[PDB]
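Here is the structure we will look at, set down as structure tokens.
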Amino acid sequence: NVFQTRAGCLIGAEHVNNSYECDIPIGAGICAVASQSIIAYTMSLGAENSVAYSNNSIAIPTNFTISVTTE
Amino acid sequence: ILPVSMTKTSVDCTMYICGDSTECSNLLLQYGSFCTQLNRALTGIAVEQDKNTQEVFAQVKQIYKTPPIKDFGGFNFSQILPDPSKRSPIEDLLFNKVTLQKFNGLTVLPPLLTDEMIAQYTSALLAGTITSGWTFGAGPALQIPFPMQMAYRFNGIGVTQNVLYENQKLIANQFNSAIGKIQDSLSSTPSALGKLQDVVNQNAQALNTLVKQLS
Amino acid sequence: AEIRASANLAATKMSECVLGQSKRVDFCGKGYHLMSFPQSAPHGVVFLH
Amino acid sequence: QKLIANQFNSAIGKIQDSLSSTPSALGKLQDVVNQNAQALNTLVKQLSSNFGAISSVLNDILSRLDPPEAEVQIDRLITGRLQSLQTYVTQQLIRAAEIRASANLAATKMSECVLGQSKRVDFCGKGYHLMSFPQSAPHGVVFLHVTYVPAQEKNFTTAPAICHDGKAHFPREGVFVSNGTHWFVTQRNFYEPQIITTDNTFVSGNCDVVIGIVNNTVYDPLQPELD
Ligand SMILES: *[C@@H]1O[C@H](CO)[C@@H](O[C@@H]2O[C@H](CO)[C@@H](O)[C@H](O)[C@H]2NC(C)=O)[C@H](O)[C@H]1NC(C)=O
Ligand SMILES: *[C@@H]1O[C@H](CO)[C@@H](O[C@@H]2O[C@H](CO)[C@@H](O)[C@H](O)[C@H]2NC(C)=O)[C@H](O)[C@H]1NC(C)=O
Ligand SMILES: *[C@@H]1O[C@H](CO)[C@@H](O)[C@H](O)[C@H]1NC(C)=O
Ligand SMILES: *[C@@H]1O[C@H](CO)[C@@H](O)[C@H](O)[C@H]1NC(C)=O
Ligand SMILES: *[C@@H]1O[C@H](CO)[C@@H](O)[C@H](O)[C@H]1NC(C)=O
Ligand SMILES: *[C@@H]1O[C@H](CO)[C@@H](O)[C@H](O)[C@H]1NC(C)=O
Ligand SMILES: *[C@@H]1O[C@H](CO)[C@@H](O)[C@H](O)[C@H]1NC(C)=O
């Protein structure tokens with residue numbers, strides 16, 4: 001169908017509600033294949049969580065993973 | 001203050017040079033693949049702007065959330081924490097204090113990240129650092145009370161950690177007074193964002209003289 | 001290219017002073033650095049050292 | 001030691017396999033190779049143009065026209081070709097400056113992350129940096145950053161100081177933790193609880209001016225050998 005963005009108008013792509021990390025940028029936070037169709041969605045900013053903060057709670061690791069990453 | 005990006009200006013070649021003219025374009029094609037090169041260069045710097053903003057702000061793996069209770073041992077962070085009304089107050093002073101076209105070929109493209117999305121990155125970045133410290137920048141976020149985090153931050157500069165704990169309210173008052181003076185100086189004193197205004201003024205100057213070369 | 005150099009400096013400063021405590025003197029503020037808070041700006045970033 | 005060595009070898013095997021399977025994992029070198037080749041290709045392709053002349057190749061225009069009349073067309077072809085070449089040289093100068101910045105960053109990273117152990121966070125790998133390995137590339141370098149990523153955190157009740165016998169006790173390194181019934185000193189980055197002694201804590205002043213005091217008995221190692 002036809003979707004209007006702040007970047008412009010994006011035809012041929014259906015607009016969905018849920019958000020993922022995004023592959024092809026368009027602009028104004030809208031990125032775009034999934035399930036035999038071009039979708040368009042606002043960017044997921046990342047996974048969301050809240051840490052269990054209080055004034056006397058500390059969290060200390062017990063184990064550790066050594067990891068090797070390129071650059 | 002540091003600048004991280006420009007405005008993404010993409011031009012057209014035949015629209016700027018000729019513009020609804022078949023004869024001018026037919027003479028322009030004798031010059032070769034010149035404006036393909038010019039469009040490629042401007043497209044390259046326009047995607048470099050998004051690369052810049054992503055490498056500055058998008059450093060968090062996950063978006064962190066401020067706790068509803070704000071009892072950080074006496075420290076008052078409500079002057080930099082984001083507000084549910086609109087952003088943080090200091091970001092509102094910055095957005096007001098900076099004093100920022102599309103005529104023929106000259107277009108601006110929007111950035112990939114909206115200003116609210118960059119605000120959500122900065123909210124996550126400064127809500128992780130008041131509830132975890134640096135441990136959300138190494139592994140998973142591990143909670144710690146904020147006087148204890150400030151105690152080890154004192155321990156990292158050569159001062160023993162007691163010195164915070166007998167002087168905690170004095171440090172809290174000094175922190176709050178310093179943040180309030182930052183808000184007052186940004187609210188009253190102008191021309192402090194000159195570094196962040198020179199980039200916009202230089203881009204406007206270059207686009208304006210590119211327009212005036214048409215006459 | 002100049003903006004890219006300043007953005008690389010801002011990314012280095014954000015990763016080294018907000019995500020941690022910096023020990024290199026006069027990199028994040030005059031004095032001994034404790035912590036920093038980033039604030040968004042219309043075309044940039046500002047840190048509170 | 002054995003678990004650390006096994007994690008190291010498994011991580012090296014995983015990074016070999018991940019670089020092996022995934023295509024365009026070397027995009028940072030392939031991009032600069034592709035843009036240099038594209039600039040060179042369009043520099044070659046700017047010889048097909050006429051720039052307003054009647055022919056593109058210089059020998060066929062030189063072989064059919066008198067030098068008083070060939071002079072103007074050779075001059076305009078010279079201006080077009082020279083200005084195209086100057087555009088190419090300016091592009092290559094800016095690209096070489098960018099690659100110089102990248103090579104200075106790589107030299108700094110080799111000096112401070114292979115020859116040493118960097119305390120600049122997120123400069124060499126996500127995590128606390130241990131060591132790294134340089135590996136050659138076609139036109140670059142790849143570093144194998146070995147980092148320490150903590151895992152499996154546990155909640156604990158913490159207190160800033162312990163008031164024993166009217167004095168406030170602070171830890172030398174690490175934090176005071178409590179699983180609910182007892183109180184321990186652990187190092188901050190790994191849960192290894194020891195019993196609070198006077199050899200791993202230090203005193204300063206009375207225990208009433210500091211917020212967050214809990215009471216406990218600080219053990220003295222000097223005591224039980226007297227009896
Ligand atoms: C720390 O994590 C490591 C992750 O490898 C654990 O090691 C593995 O533990 C599982 C438990 O079922 C075993 O099946 C594997 O054989 C172990 N692998 C190795 C290489 O040791 C380790 O047990 C964890 N340690 C603690 C104290 O939790
Ligand atoms: C907190 O940790 C301590 C140390 O292990 C625990 O104390 C021991 O618990 C075991 C199991 O009941 C007993 O057999 C030992 O005699 C205890 N040691 C002492 C010195 O009393 C304690 O139970 C833990 N508390 C909680 C709530 O898990
Ligand atoms: C998205 O959600 C709104 C309300 O939550 C709904 O009206 C709309 O139909 C949804 N979009 C699609 C494509 O289903
Ligand atoms: C923080 O300061 C603001 C004004 O500076 C004040 O309105 C607010 O109540 C303070 N927060 C707390 C928790 O006292
Ligand atoms: C710490 O406790 C809170 C509340 O009991 C809980 O939500 C949180 O998951 C706990 N943290 C961990 C790491 O289990
Ligand atoms: C922590 O918070 C609780 C409730 O918010 C309060 O009763 C207590 O005095 C605080 N301080 C401590 C445990 O040092
Ligand atoms: C700690 O011990 C002192 C001295 O007996 C007492 O006054 C105080 O109430 C105690 N505090 C707690 C939290 O038990």
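Note on naming: chains are A, B, ... as they come in the structure tokens, residues start from 1 per chain, ligands start from 1 in the order shown.
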With ligand 1 as the partner and 10 Å as the cut-off, tabulate the residues of chain A that qualify, each row holding the nearest pair of atoms and their distance in Å to one decimal, using only C-alpha atoms and all ligand atoms, sorted by chain and rising number, as a Markdown table.
| residue | atom | partner | partner_atom_place_in_ligand_line | distance |
| --- | --- | --- | --- | --- |
| A:61 | CA | ligand 1 | 28 (O) | 9.9 |
| A:62 | CA | ligand 1 | 27 (C) | 6.7 |
| A:63 | CA | ligand 1 | 1 (C) | 4.9 |
| A:64 | CA | ligand 1 | 1 (C) | 6.1 |
| A:65 | CA | ligand 1 | 2 (O) | 6.6 |
| A:66 | CA | ligand 1 | 4 (C) | 9.4 |
* To do: For ligand 5, collect every residue having any atom at a distance of at most 8 Å from a ligand atom (counting only C-alpha atoms and all ligand atoms); output as a ChimeraX atom specification.
  => /A:51-52,57,59 /B:142 /D:152-156
* Asked: Would you give me, as a PyMOL selection string, the residues in range 27-179 of chain B that DSSP reads as helix (DSSP H, G or I)?
  -> chain B and resi 27-31+34-57+89-97+115-128+146-155+162-165+168-179
Got a sec to check which residues lie within 7 Å of ligand 7, using only C-alpha atoms and all ligand atoms, and send them as a PDB file with N, CA, C and O atoms, in the first residue's frame?
ATOM      1  N   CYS D 163      29.962  -0.919  62.368  1.00  0.00           N
ATOM      2  CA  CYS D 163      30.283  -0.321  63.659  1.00  0.00           C
ATOM      3  C   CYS D 163      30.522  -1.433  64.670  1.00  0.00           C
ATOM      4  O   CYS D 163      29.592  -2.153  65.043  1.00  0.00           O
ATOM      5  N   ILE D 213      25.076   2.504  58.688  1.00  0.00           N
ATOM      6  CA  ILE D 213      25.729   1.614  59.642  1.00  0.00           C
ATOM      7  C   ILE D 213      24.823   0.440  59.979  1.00  0.00           C
ATOM      8  O   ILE D 213      23.631   0.616  60.254  1.00  0.00           O
ATOM      9  N   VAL D 214      25.384  -0.767  59.945  1.00  0.00           N
ATOM     10  CA  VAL D 214      24.820  -1.898  60.663  1.00  0.00           C
ATOM     11  C   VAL D 214      25.869  -2.399  61.643  1.00  0.00           C
ATOM     12  O   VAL D 214      27.069  -2.175  61.464  1.00  0.00           O
ATOM     13  N   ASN D 215      25.407  -3.048  62.704  1.00  0.00           N
ATOM     14  CA  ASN D 215      26.299  -3.593  63.714  1.00  0.00           C
ATOM     15  C   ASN D 215      26.731  -5.000  63.337  1.00  0.00           C
ATOM     16  O   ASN D 215      25.929  -5.793  62.836  1.00  0.00           O
TER      17      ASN D 215
END
Given 12 Å and only C-alpha atoms and all ligand atoms, residues near ligand 4 as a compact mmCIF listing (two decimals) with N, CA, C and O atoms, in the first residue's frame:
# COMPACT_ATOMS: atom_id res chain seq x y z
N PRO B 68 11.44 4.35 39.88
CA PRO B 68 10.45 5.39 40.22
C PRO B 68 10.80 6.18 41.47
O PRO B 68 10.45 7.36 41.56
N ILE B 69 11.46 5.57 42.43
CA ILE B 69 11.92 6.28 43.62
C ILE B 69 13.30 6.87 43.33
O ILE B 69 14.19 6.20 42.81
N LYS B 70 13.45 8.15 43.64
CA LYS B 70 14.71 8.86 43.43
C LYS B 70 15.23 9.27 44.81
O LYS B 70 15.00 10.38 45.27
N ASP B 71 15.94 8.35 45.45
CA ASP B 71 16.49 8.55 46.79
C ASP B 71 17.98 8.25 46.79
O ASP B 71 18.51 7.55 47.65
N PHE B 72 18.71 8.84 45.84
CA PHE B 72 20.12 8.52 45.63
C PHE B 72 21.02 9.17 46.69
O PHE B 72 21.89 9.98 46.40
N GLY B 73 20.78 8.80 47.95
CA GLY B 73 21.61 9.19 49.07
C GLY B 73 21.69 10.66 49.38
O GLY B 73 22.53 11.06 50.19
N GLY B 74 20.85 11.49 48.77
CA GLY B 74 20.94 12.93 48.88
C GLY B 74 21.25 13.63 47.57
O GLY B 74 20.97 14.83 47.45
N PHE B 75 21.80 12.92 46.60
CA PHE B 75 22.08 13.50 45.30
C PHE B 75 20.79 13.71 44.52
O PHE B 75 19.92 12.84 44.49
N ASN B 76 20.67 14.87 43.89
CA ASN B 76 19.46 15.27 43.17
C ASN B 76 19.79 15.26 41.68
O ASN B 76 20.56 16.10 41.20
N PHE B 77 19.19 14.32 40.96
CA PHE B 77 19.43 14.15 39.53
C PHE B 77 18.26 14.58 38.67
O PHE B 77 18.32 14.39 37.45
N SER B 78 17.22 15.17 39.25
CA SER B 78 16.02 15.52 38.50
C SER B 78 16.26 16.65 37.50
O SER B 78 15.42 16.85 36.61
N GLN B 79 17.37 17.36 37.61
CA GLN B 79 17.74 18.40 36.68
C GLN B 79 18.39 17.86 35.41
O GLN B 79 18.61 18.64 34.47
N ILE B 80 18.73 16.57 35.36
CA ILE B 80 19.24 15.95 34.14
C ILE B 80 18.47 14.70 33.75
O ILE B 80 18.63 14.22 32.62
N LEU B 81 17.68 14.13 34.65
CA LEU B 81 16.81 13.02 34.29
C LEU B 81 15.70 13.52 33.37
O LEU B 81 15.25 14.66 33.50
N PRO B 89 15.42 18.95 31.40
CA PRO B 89 15.40 20.42 31.31
C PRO B 89 16.62 21.02 30.64
O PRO B 89 16.46 21.95 29.83
N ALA B 172 26.77 16.12 48.55
CA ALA B 172 25.47 16.21 47.89
C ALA B 172 25.06 17.65 47.61
O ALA B 172 24.59 17.97 46.51
N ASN B 173 25.29 18.54 48.58
CA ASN B 173 24.96 19.95 48.41
C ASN B 173 25.84 20.60 47.36
O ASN B 173 25.37 21.42 46.57
N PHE B 175 27.27 19.06 44.81
CA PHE B 175 26.80 18.52 43.54
C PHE B 175 25.56 19.25 43.04
O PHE B 175 25.50 19.67 41.87
N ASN B 176 24.57 19.42 43.92
CA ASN B 176 23.32 20.07 43.52
C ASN B 176 23.54 21.53 43.17
O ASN B 176 22.95 22.04 42.21
N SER B 177 24.40 22.22 43.93
CA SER B 177 24.69 23.62 43.63
C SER B 177 25.42 23.77 42.30
O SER B 177 25.14 24.70 41.54
N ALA B 178 26.34 22.84 42.00
CA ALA B 178 27.05 22.91 40.72
C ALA B 178 26.11 22.66 39.55
O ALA B 178 26.20 23.37 38.53
N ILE B 179 25.19 21.70 39.68
CA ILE B 179 24.23 21.44 38.61
C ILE B 179 23.29 22.63 38.41
O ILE B 179 22.98 23.02 37.27
N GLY B 180 22.86 23.25 39.52
CA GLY B 180 22.04 24.45 39.41
C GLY B 180 22.77 25.61 38.76
O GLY B 180 22.16 26.38 38.01
N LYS B 181 24.07 25.74 39.01
CA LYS B 181 24.82 26.80 38.34
C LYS B 181 25.02 26.51 36.86
O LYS B 181 25.08 27.45 36.06
N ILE B 182 25.11 25.23 36.48
CA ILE B 182 25.11 24.89 35.05
C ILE B 182 23.80 25.30 34.39
O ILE B 182 23.80 25.89 33.30
N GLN B 183 22.67 25.03 35.06
CA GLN B 183 21.38 25.43 34.50
C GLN B 183 21.24 26.95 34.41
O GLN B 183 20.74 27.46 33.41
N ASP B 184 21.72 27.67 35.43
CA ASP B 184 21.65 29.13 35.41
C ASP B 184 22.54 29.72 34.32
O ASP B 184 22.12 30.65 33.62
* In terms of the shortest atom-to-atom distance over only C-alpha atoms and all ligand atoms, which of D:44, D:151, D:211, D:110 is closest to ligand 6? ->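 Closest to ligand 6 of all the choices is D:211.
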* **Nearby residues, ligand 6, 6 Å, only C-alpha atoms and all ligand atoms, as a VMD selection string** => (chain A and resid 55 to 56) or (chain D and resid 211 to 212)
* To do: Kindly compile the residues surrounding ligand 3 within 10 Å, counting only C-alpha atoms and all ligand atoms, and format them as number ranges by chain.
  => A: 14-18
* Asked: Please, which residues of chain B lie no more than 7 Å from chain C when the count uses only C-alpha atoms, and can they be set out as an NGL selection string?
  -> :B and (1-6 or 52 or 55-56 or 91 or 94-95 or 118-119 or 122 or 126 or 134 or 137 or 153 or 157 or 196)
Writer output for current selection, N, CA and C atoms, as an mmCIF file, in the first residue's frame:
data_model
loop_
_atom_site.group_PDB
_atom_site.id
_atom_site.type_symbol
_atom_site.label_atom_id
_atom_site.label_comp_id
_atom_site.auth_asym_id
_atom_site.auth_seq_id
_atom_site.Cartn_x
_atom_site.Cartn_y
_atom_site.Cartn_z
ATOM 1 N N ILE B 1 31.021 20.896 24.946
ATOM 2 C CA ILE B 1 30.151 20.755 23.785
ATOM 3 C C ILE B 1 30.974 20.215 22.629
ATOM 4 N N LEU B 2 30.470 19.179 21.963
ATOM 5 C CA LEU B 2 31.104 18.678 20.758
ATOM 6 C C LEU B 2 30.057 18.476 19.674
ATOM 7 N N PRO B 3 30.401 18.716 18.412
ATOM 8 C CA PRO B 3 29.486 18.370 17.322
ATOM 9 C C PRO B 3 29.718 16.946 16.851
ATOM 10 N N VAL B 4 28.633 16.261 16.498
ATOM 11 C CA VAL B 4 28.737 14.881 16.045
ATOM 12 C C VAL B 4 28.253 14.681 14.621
ATOM 13 N N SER B 5 27.533 15.626 14.029
ATOM 14 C CA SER B 5 26.992 15.405 12.698
ATOM 15 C C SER B 5 26.727 16.740 12.029
ATOM 16 N N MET B 6 26.431 16.670 10.740
ATOM 17 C CA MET B 6 26.021 17.803 9.930
ATOM 18 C C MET B 6 24.580 17.598 9.495
ATOM 19 N N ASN B 52 28.224 8.362 12.195
ATOM 20 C CA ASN B 52 28.737 9.164 13.301
ATOM 21 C C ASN B 52 27.800 9.134 14.497
ATOM 22 N N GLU B 55 27.759 5.684 16.175
ATOM 23 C CA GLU B 55 28.920 5.325 16.983
ATOM 24 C C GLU B 55 29.050 6.204 18.219
ATOM 25 N N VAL B 56 28.442 7.390 18.225
ATOM 26 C CA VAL B 56 28.485 8.191 19.445
ATOM 27 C C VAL B 56 27.453 7.694 20.446
ATOM 28 N N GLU B 91 18.463 19.692 28.311
ATOM 29 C CA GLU B 91 18.258 19.493 26.882
ATOM 30 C C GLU B 91 17.243 20.476 26.306
ATOM 31 N N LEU B 94 19.180 23.638 25.790
ATOM 32 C CA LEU B 94 20.036 23.488 24.617
ATOM 33 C C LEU B 94 19.244 23.578 23.323
ATOM 34 N N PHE B 95 18.038 23.007 23.294
ATOM 35 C CA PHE B 95 17.246 23.049 22.069
ATOM 36 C C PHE B 95 16.716 24.445 21.795
ATOM 37 N N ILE B 118 17.329 9.798 20.031
ATOM 38 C CA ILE B 118 18.616 10.161 20.614
ATOM 39 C C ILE B 118 18.445 10.521 22.084
ATOM 40 N N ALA B 119 17.315 11.149 22.428
ATOM 41 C CA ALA B 119 16.993 11.391 23.829
ATOM 42 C C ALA B 119 16.804 10.093 24.605
ATOM 43 N N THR B 122 20.255 8.808 25.351
ATOM 44 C CA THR B 122 20.924 9.513 26.442
ATOM 45 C C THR B 122 20.268 9.229 27.787
ATOM 46 N N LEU B 126 22.433 7.643 30.859
ATOM 47 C CA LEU B 126 22.578 8.272 32.164
ATOM 48 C C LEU B 126 21.657 7.678 33.220
ATOM 49 N N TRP B 134 29.823 1.586 35.895
ATOM 50 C CA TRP B 134 30.419 1.219 34.624
ATOM 51 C C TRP B 134 30.153 -0.224 34.255
ATOM 52 N N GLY B 137 28.638 -1.189 31.148
ATOM 53 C CA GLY B 137 29.478 -1.029 29.984
ATOM 54 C C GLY B 137 30.466 -2.139 29.764
ATOM 55 N N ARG B 153 34.318 5.586 43.278
ATOM 56 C CA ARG B 153 34.871 6.609 42.398
ATOM 57 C C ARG B 153 35.830 7.538 43.133
ATOM 58 N N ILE B 157 40.522 7.742 42.652
ATOM 59 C CA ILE B 157 41.336 8.935 42.442
ATOM 60 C C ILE B 157 42.315 9.165 43.585
ATOM 61 N N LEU B 196 28.941 24.564 18.487
ATOM 62 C CA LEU B 196 27.836 23.821 17.909
ATOM 63 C C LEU B 196 27.015 24.692 16.969
#
* May I have the residues within 9 Å of ligand 2, computed using only C-alpha atoms and all ligand atoms, as a ChimeraX atom specification? => /D:178-184,193
* Test item: chain B residues at most 6 Å from chain D, counting only C-alpha atoms, as a PyMOL selection string -> chain B and resi 30-32+138-139+165-166
Dump as a Markdown table the rows for residues of chain A within 8 Å of chain B: closest atom pair and distance in Å with one decimal, only C-alpha atoms counted, ordered by chain and rising residue number.
| residue | atom | partner | partner_atom | distance |
| --- | --- | --- | --- | --- |
| A:6 | CA | B:110 | CA | 7.7 |
| A:7 | CA | B:110 | CA | 6.1 |
| A:25 | CA | B:112 | CA | 6.7 |
| A:26 | CA | B:112 | CA | 6.8 |
| A:27 | CA | B:112 | CA | 4.3 |
| A:28 | CA | B:112 | CA | 5.3 |
| A:29 | CA | B:113 | CA | 5.3 |
| A:30 | CA | B:112 | CA | 7.5 |
| A:45 | CA | B:63 | CA | 7.0 |
| A:46 | CA | B:62 | CA | 5.0 |
| A:47 | CA | B:62 | CA | 4.8 |
| A:48 | CA | B:63 | CA | 4.8 |
| A:49 | CA | B:64 | CA | 5.4 |
| A:50 | CA | B:65 | CA | 4.7 |
| A:51 | CA | B:143 | CA | 6.5 |
| A:52 | CA | B:143 | CA | 6.6 |
| A:53 | CA | B:143 | CA | 5.8 |
| A:54 | CA | B:145 | CA | 6.5 |
| A:55 | CA | B:145 | CA | 4.9 |
| A:56 | CA | B:145 | CA | 6.0 |
| A:57 | CA | B:144 | CA | 6.1 |
| A:58 | CA | B:144 | CA | 4.6 |
| A:59 | CA | B:142 | CA | 5.1 |
| A:60 | CA | B:142 | CA | 7.0 |
Requested write-out: N, CA and C atoms of the selected residues, as an mmCIF file, in the first residue's frame:
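Written output follows (selection.cif):
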data_model
loop_
_atom_site.group_PDB
_atom_site.id
_atom_site.type_symbol
_atom_site.label_atom_id
_atom_site.label_comp_id
_atom_site.auth_asym_id
_atom_site.auth_seq_id
_atom_site.Cartn_x
_atom_site.Cartn_y
_atom_site.Cartn_z
ATOM 1 N N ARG A 6 8.031 11.016 7.455
ATOM 2 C CA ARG A 6 8.607 12.353 7.424
ATOM 3 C C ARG A 6 9.666 12.457 6.337
ATOM 4 N N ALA A 7 10.290 11.331 5.981
ATOM 5 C CA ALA A 7 11.244 11.321 4.879
ATOM 6 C C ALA A 7 10.542 11.495 3.545
ATOM 7 N N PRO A 25 17.764 1.505 6.353
ATOM 8 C CA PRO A 25 17.222 2.767 6.857
ATOM 9 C C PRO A 25 16.450 3.532 5.796
ATOM 10 N N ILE A 26 15.491 4.327 6.263
ATOM 11 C CA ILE A 26 14.768 5.294 5.447
ATOM 12 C C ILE A 26 14.933 6.711 5.976
ATOM 13 N N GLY A 27 14.696 6.908 7.254
ATOM 14 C CA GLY A 27 14.785 8.230 7.841
ATOM 15 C C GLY A 27 13.607 8.459 8.756
ATOM 16 N N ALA A 28 13.802 9.379 9.705
ATOM 17 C CA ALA A 28 12.875 9.660 10.799
ATOM 18 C C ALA A 28 12.515 8.395 11.568
ATOM 19 N N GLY A 29 13.521 7.572 11.841
ATOM 20 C CA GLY A 29 13.345 6.429 12.706
ATOM 21 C C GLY A 29 12.633 5.249 12.099
ATOM 22 N N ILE A 30 12.362 5.267 10.800
ATOM 23 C CA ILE A 30 11.629 4.202 10.131
ATOM 24 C C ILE A 30 12.615 3.389 9.313
ATOM 25 N N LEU A 45 14.685 0.423 19.840
ATOM 26 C CA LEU A 45 15.872 1.113 20.311
ATOM 27 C C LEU A 45 16.853 0.155 20.967
ATOM 28 N N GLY A 46 16.454 -1.096 21.139
ATOM 29 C CA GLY A 46 17.104 -2.063 21.989
ATOM 30 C C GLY A 46 16.097 -2.712 22.908
ATOM 31 N N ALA A 47 16.541 -3.773 23.570
ATOM 32 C CA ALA A 47 15.701 -4.411 24.569
ATOM 33 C C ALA A 47 15.583 -3.516 25.794
ATOM 34 N N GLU A 48 14.466 -3.633 26.495
ATOM 35 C CA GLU A 48 14.140 -2.710 27.573
ATOM 36 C C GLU A 48 14.141 -3.479 28.882
ATOM 37 N N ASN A 49 14.794 -2.922 29.898
ATOM 38 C CA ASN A 49 14.758 -3.493 31.235
ATOM 39 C C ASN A 49 14.993 -2.397 32.260
ATOM 40 N N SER A 50 14.617 -2.691 33.496
ATOM 41 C CA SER A 50 14.913 -1.841 34.633
ATOM 42 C C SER A 50 15.722 -2.647 35.633
ATOM 43 N N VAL A 51 16.777 -2.051 36.144
ATOM 44 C CA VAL A 51 17.608 -2.718 37.132
ATOM 45 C C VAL A 51 16.962 -2.597 38.504
ATOM 46 N N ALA A 52 17.175 -3.615 39.337
ATOM 47 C CA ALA A 52 16.546 -3.687 40.655
ATOM 48 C C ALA A 52 17.322 -2.812 41.639
ATOM 49 N N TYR A 53 17.111 -1.510 41.512
ATOM 50 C CA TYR A 53 17.818 -0.553 42.342
ATOM 51 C C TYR A 53 17.142 -0.385 43.691
ATOM 52 N N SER A 54 17.956 -0.319 44.734
ATOM 53 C CA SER A 54 17.523 0.143 46.042
ATOM 54 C C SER A 54 18.734 0.797 46.695
ATOM 55 N N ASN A 55 18.602 1.197 47.951
ATOM 56 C CA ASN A 55 19.680 1.912 48.613
ATOM 57 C C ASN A 55 20.610 1.001 49.398
ATOM 58 N N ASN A 56 20.351 -0.307 49.428
ATOM 59 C CA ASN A 56 21.292 -1.217 50.069
ATOM 60 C C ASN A 56 21.432 -2.535 49.320
ATOM 61 N N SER A 57 21.104 -2.577 48.036
ATOM 62 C CA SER A 57 21.202 -3.795 47.246
ATOM 63 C C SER A 57 22.369 -3.686 46.284
ATOM 64 N N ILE A 58 23.292 -4.635 46.369
ATOM 65 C CA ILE A 58 24.405 -4.731 45.437
ATOM 66 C C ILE A 58 24.325 -6.095 44.766
ATOM 67 N N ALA A 59 24.800 -6.163 43.529
ATOM 68 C CA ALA A 59 24.779 -7.394 42.753
ATOM 69 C C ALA A 59 26.195 -7.706 42.313
ATOM 70 N N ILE A 60 26.697 -8.866 42.720
ATOM 71 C CA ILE A 60 28.086 -9.251 42.524
ATOM 72 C C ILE A 60 28.096 -10.528 41.700
#
* So which bits of chain C end up strand (DSSP E or B) when you DSSP the backbone, as number ranges by chain? -> C: 37-40, 44-48
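Atom to atom, CA of residue 24 in chain A and CA of residue 42 in chain A stand 11.6 Å apart.
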* Asked: Which of these residues is nearest to chain A, using only C-alpha atoms: D:55, D:83, D:186, D:41?
  ->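 Ranking D:55, D:83, D:186, D:41 by distance to chain A, first place goes to D:186.
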With the cut-off set at 9 Å and counting only C-alpha atoms, tabulate each residue of chain D with an atom at most that distance from an atom of chain C, showing the nearest atom pair and its distance in Å to one decimal, ordered by chain and increasing number, as a tab-separated table.
residue	atom	partner	partner_atom	distance
D:94	CA	C:1	CA	8.1
D:97	CA	C:1	CA	8.8
D:98	CA	C:1	CA	7.4
D:101	CA	C:5	CA	8.6
D:119	CA	C:22	CA	8.5
D:120	CA	C:16	CA	6.1
D:121	CA	C:16	CA	5.4
D:122	CA	C:15	CA	6.0
D:123	CA	C:16	CA	7.8
Atoms kept (C-alpha atoms) for selection, written as a PDB file, in the first residue's frame:
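The file below, part.pdb, is the result:
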ATOM      1  CA  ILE D  94      41.063  13.186   1.309  1.00  0.00           C
ATOM      2  CA  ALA D  97      43.988  11.423   5.116  1.00  0.00           C
ATOM      3  CA  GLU D  98      41.104   9.268   6.378  1.00  0.00           C
ATOM      4  CA  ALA D 101      43.679   8.560  10.793  1.00  0.00           C
ATOM      5  CA  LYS D 119      42.447   0.474  31.292  1.00  0.00           C
ATOM      6  CA  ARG D 120      40.601   2.679  28.807  1.00  0.00           C
ATOM      7  CA  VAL D 121      37.152   1.127  28.819  1.00  0.00           C
ATOM      8  CA  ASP D 122      35.568   0.084  25.481  1.00  0.00           C
ATOM      9  CA  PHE D 123      38.820   0.896  23.671  1.00  0.00           C
TER      10      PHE D 123
END
* **Pick from D:115, D:142, D:65, D:130 nearest to chain A, counting only C-alpha atoms** => D:142
